Amino acid sequence: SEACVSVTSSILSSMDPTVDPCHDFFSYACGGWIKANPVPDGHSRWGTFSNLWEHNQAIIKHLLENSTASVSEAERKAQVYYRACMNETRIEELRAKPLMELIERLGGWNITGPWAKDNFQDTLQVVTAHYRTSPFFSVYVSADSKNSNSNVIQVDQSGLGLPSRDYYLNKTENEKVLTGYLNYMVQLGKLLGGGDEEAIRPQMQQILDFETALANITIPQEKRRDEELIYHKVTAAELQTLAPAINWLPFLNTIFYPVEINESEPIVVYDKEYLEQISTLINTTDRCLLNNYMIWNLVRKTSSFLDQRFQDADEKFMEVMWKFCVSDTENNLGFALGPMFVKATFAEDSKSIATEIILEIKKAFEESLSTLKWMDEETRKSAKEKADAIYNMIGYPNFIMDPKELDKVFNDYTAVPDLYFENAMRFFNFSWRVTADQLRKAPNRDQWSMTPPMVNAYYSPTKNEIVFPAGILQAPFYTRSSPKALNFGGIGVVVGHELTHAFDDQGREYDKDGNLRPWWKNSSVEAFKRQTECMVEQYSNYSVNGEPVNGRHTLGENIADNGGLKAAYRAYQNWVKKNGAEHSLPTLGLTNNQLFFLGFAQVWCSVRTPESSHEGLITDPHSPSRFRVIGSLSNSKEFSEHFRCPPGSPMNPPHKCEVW
Ligand SMILES: CC(C)C[C@H](NP(=O)(O)O[C@@H]1O[C@@H](C)[C@H](O)[C@@H](O)[C@H]1O)C(=O)N[C@@H](Cc1c[nH]c2ccccc12)C(=O)O
Ligand SMILES: OCCCCC(CCO)CCCCO
Ligand SMILES: [Zn+2]
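A look at the coordination of the zinc ion (ligand 3)
Octahedral metals with six donors have ideal donor angles of 90 or 180 degrees. Tetrahedral metals with four donors have an ideal donor angle of 109.5 degrees. The zinc ion (ligand 3) binds to the protein through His497 (NE2), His501 (NE2) and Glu557 (OE); the donor distances cover 1.7 to 2.2 Å. Written as a sequence motif, the donor residues of the zinc ion (ligand 3) are H-x3-H-x55-E. With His497 and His501 both in helix α23 (residues 491-501), this residue pair falls four residues apart, about one helical turn.

This is how it looks when you write it as structure tokens:
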């Protein structure tokens, strides 16, 4: 009651009743929230996810600041990692020395002072395996897309100190984040013993030039959607002809030690011409520059762990782009904190209920699969079969709630009191070794690419698995006292979204066992592609601040938004079918079935930086929040019936798209 009444108030707070739902439902649902909530100090884009993440951080402080020392090695190591970084009386006493020292062990750089050595693949090997850096290219170990029960070596593009290749390329002419990034380079060049700006500026400029070629050679993420077409497996002998600049067998044999690599090693390469282009770019440029580039990468990875002269540098630039290390600790040692996190935040009740809600969403999804007009029955049968085989994890991975197993995983990491920078580096080397050690092991589903306190969720095509961290199994997504309409509208939609990823323009290319391999007739694939073109056409109709929204670019996450809204509503109808209507909320003027659509929209209430929107509109595969709402609701007949949106109001398009 008082919980219904508080929840009603916050619903009502957020809306803008001056706006008509059938005109713009997002404005109607969030216009109040938008206008009230301004983008705060430390943030450039704010909303539900921003909000809940920060609630969690604050919980992580009290967990980490224990007195009783009544926790496991792994948990104890996070406490140590935390204290170590929080002791900043110590960090101001060390200054640049830690990093400024590390460099010379590596052989120094022309910023201090002269530099001339034959040490290239050596320092390349070190920074990649010891400091978890990725200049030139990124190397790692994950499931073989075409043989999901194995891991393989993977070489991909990397090495840009900006978030996206287009900041190097567009911005030259459209606002100079280049000025702001050279600055930042220059000042860090000072902090690490570079003296005269006339001496730093040029050096640091050449790194910028090289970093832009990296970006020139780099491949636009539109030419990197479709895995079938960019997956290229080569032998290590084929890689050596392809990119002769690196001596690969020695290189691989050193970073994948203790595993032996011979000429027949399989290596998945996502762009052959890139790697060719890297090699030529490596063999063509002078070595000091090659060295200076490599160290710069090292400094970008590492500067966060030095003093408040650097933080200032990082802060300043991010205004152009001390909870601080509760983040860092979660980032690196998040599975270390998980047990603490879920003891505090996660009723085990919650797991059981979340498990029933998942069953119910699958059920509904499958009932849509059975009924889909664009597939023949044979294709519908294969799809159900892959649906049936989707594996789910809730809250946490099992192994973390067994201290014997969690301590084993973290046994080779050692955290030292008061040595934050050494602690970090030690972690980087440890983290690299965990990935390297997977090369000859089987992938399994109990291994997550997200820690439990994260406010997010995902699907893996190679494990055919949907994952929900305990961190998102929170309000507004889930609350066990909350009306079902609101639970099916929050978490229920998040679930359907993940299920639907099993079948999107990417996930459909992988079969039920997680393998990239045709498992439909081409005819059904041609038929799938036609449904999807509707959502391309649809979402390219949207614009933001006088600029289009990209319908091809956002297709996958739109397909998942649409399948999941729809599965969640059906599931909620299923629940009402079995159980009967719950009561209605009071101040609201709204039934439960309307509440469903409203709750959904209020999850996506958000504000963001005017620059961010021009940018997300090219980098984010997710649609802008408002068109996530509007694009989804607009394909729902059931949304329109329930808000009685006339025959061709904005929110009620006659060209409705439907794939899943
Ligand atoms: C439906 C939502 C609860 C979770 C949903 N996860 P999903 O899109 O399946 O997958 C996400 O996006 C993919 C492109 C990435 O490759 C994944 O690893 C993951 O980040 C999502 O849209 N996430 C967005 C929005 C978001 C959720 N939690 C966040 C926390 C911080 C920032 C953004 C988010 C994102 O991660 O970008
Ligand atoms: O049950 C197997 C768990 C093994 C845990 C590691 C596997 C990585 O794929 C990750 C742990 C985090 C190290 O940074
Ligand atoms: Zn998604």
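What about the domain arrangement of the protein?
Domain parsing of the protein yields domain 1 (1-46 + 346-397 + 444-660) and domain 2 (47-345 + 398-443). Centre-to-centre separation of domain 1 and domain 2, based on C-alpha positions: 33 Å. At the interface, 50 residues of domain 1 touch 40 residues of domain 2. For the pairing of domain 1 and domain 2, the buried interface totals around 3800 Å² over both sides, and the portion due to carbon and sulfur atoms is 53%. Among the residues domain 1 hides against domain 2, the three largest losses belong to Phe346, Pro453 and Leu516. Together they make up 16% of the total. Applying the counting rule to domain 1 against domain 2 returns one salt bridge. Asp505 is paired through a salt bridge with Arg225; the nearest N and O atoms lie 3.3 Å apart. On inspection of domain 1 and its partner domain 2, the count reaches 19 residue pairs in polar contact.

Regarding empty space enclosed by the protein
Empty space left among the atoms is revealed by rolling a probe the size of a water molecule over them. Estimates place the volume of the largest cavity at around 60 Å³. Along the walls of the largest cavity sit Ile103, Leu106, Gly107, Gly108, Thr123, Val127, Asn291, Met294, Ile295 and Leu298, which together make up its complete lining. Those elements that provide at least two residues to the lining of the largest cavity are α6 (97-106), α7 (120-129) and α15 (287-302). Ranked by residues supplied to the lining of the largest cavity, first place goes to α15 with four residues.

With respect to the site of ligand 1
The environment of ligand 1 is formed by 14 residues, the closest being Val455, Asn456, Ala457, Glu498 and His622. Interatomic distance of 2.9 Å between a side-chain N/O atom of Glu557 and an oxygen atom of ligand 1. Within the side chain of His622, one N or O atom sits 2.7 Å away from an oxygen atom of ligand 1. About the coverage of ligand 1: the protein hides 66% of its 690 Å² of free accessible area. Residue classes in the shell around ligand 1 are distributed as seven nonpolar, four polar and three charged.

Criteria and cut-off values
Residues numbered from 1 in each chain as written, not as in the entry; some residues may be left out. Chains lettered and ligands numbered in written order. Heavy atoms only, no water. Donors = N, O, S within 2.8 Å, 3.2 Å for Na, K, Ca; no water. Helix = DSSP H or I, 4+ residues; strand = E, 2+ residues; numbered from the N terminus. Domains from an automatic or database assignment. Contact = heavy atoms within 4.5 Å. Buried area = accessible area lost by both parts, 1.4 Å probe. Salt bridge = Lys/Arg side-chain N within 4 Å of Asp/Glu carboxyl O. Polar contact = N/O pair within 3.5 Å; in protein donor to acceptor, adjacent residues only side chain to side chain. 1 Å grid on protein atoms, 1.4 Å probe; cavity = no way out; pocket = protein on both sides within 12 Å on 5 of 7 lines; lining within 4 Å. Points joined across faces, edges and corners; volume = space filled by probe spheres on them. Near = heavy atom within 4 Å. Areas by Shrake-Rupley, 256 points an atom, 1.4 Å probe, with all protein chains shown as cover. Nonpolar A, V, L, I, M, F, W, Y, C, P; charged D, E, K, R; others polar.

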